[PDB]
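Structure, as structure tokens:
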Amino acid sequence: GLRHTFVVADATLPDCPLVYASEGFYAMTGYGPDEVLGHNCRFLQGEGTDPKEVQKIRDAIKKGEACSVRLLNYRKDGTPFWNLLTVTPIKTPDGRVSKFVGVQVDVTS
Ligand SMILES: *[C@@]12=NC3=[C]C([C])=C([C])[C]=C3N([C][C]([O])[C]([O])[C]([O])[C]OP([O])([O])=O)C1=NC(=O)[N]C2=O
């Protein structure tokens, strides 16, 4: 299939830090687990990232609904790539959101 990555965000903490990321996420972004785990994914953003699309993610996270946006992210070396982000809320049996899982595809073509 297509080349994608995978991360898990812990919604029980107020800012949804990352608790697990697939090896492709580390290889794609240039960042390692010692600089990714425990942080919000927004470190990938930079100057050309649209504050409108970023707002669609923030609202969906606060509302506990899924979202799919096209962002401009930056590797550790500062080079830009285009990220097709899709975040999905994972809820407990009582309806509360516990984790946020996101698939990231580099659609720079
Ligand atoms: C990021 N991937 C990513 C993966 C998951 C599972 C979640 C929940 C979020 C992301 N983001 C967005 C980021 O964490 C944050 O939610 C946004 O910056 C919007 O919130 P604020 O209020 O801080 O602006 C991802 N953002 C990226 O740029 N790249 C991803 O791969």
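Per the authors' numbering, the sequence shown starts with residue 17, numbered consecutively. Even for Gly, the Cβ is constructed at its ideal location relative to N, Cα and C.
**Report entry** Any non-hydrogen atom of ligand 1 within 7 Å of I73 CB
**Finding:** The count along the sequence shown starts at 1 and reaches residue 73 at position 57. Within the cutoff, so yes.
Query raised in the report: Got a sec: does ligand 1 put a non-hydrogen atom nearer than 7 Å to the Cβ of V52?
Result: Mapped onto the sequence shown, residue 52 falls at position 36. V52: no, Cβ never under 7 Å from ligand 1.
Query raised in the report: Between the C-alpha atoms of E69 and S114, what's the straight-line distance to the nearest angstrom?
Result: Stepping through the sequence shown from its first residue, residue 69 is reached at position 53. Stepping through the sequence shown from its first residue, residue 114 is reached at position 98. Taking the straight line joining both Cα atoms gives about 23 Å.
Query raised in the report: Do you know how far the Cα of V103 is from the Cα of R91?
Result: Residue mapping note: residue 91 aligns to position 75 of the sequence shown, counting from 1. Residue mapping note: residue 103 aligns to position 87 of the sequence shown, counting from 1. Going from the Cα of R91 to the Cα of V103 covers about 20 Å.
Requested in this report: Could you please go through the chain and list the residues whose beta-carbon is closer than 6 Å to any non-hydrogen atom of ligand 1?
Outcome: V23, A25, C32, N56, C57, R58, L60, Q61, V70, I73, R74, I77, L87, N89, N99, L101, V103, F116, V117, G118, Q120
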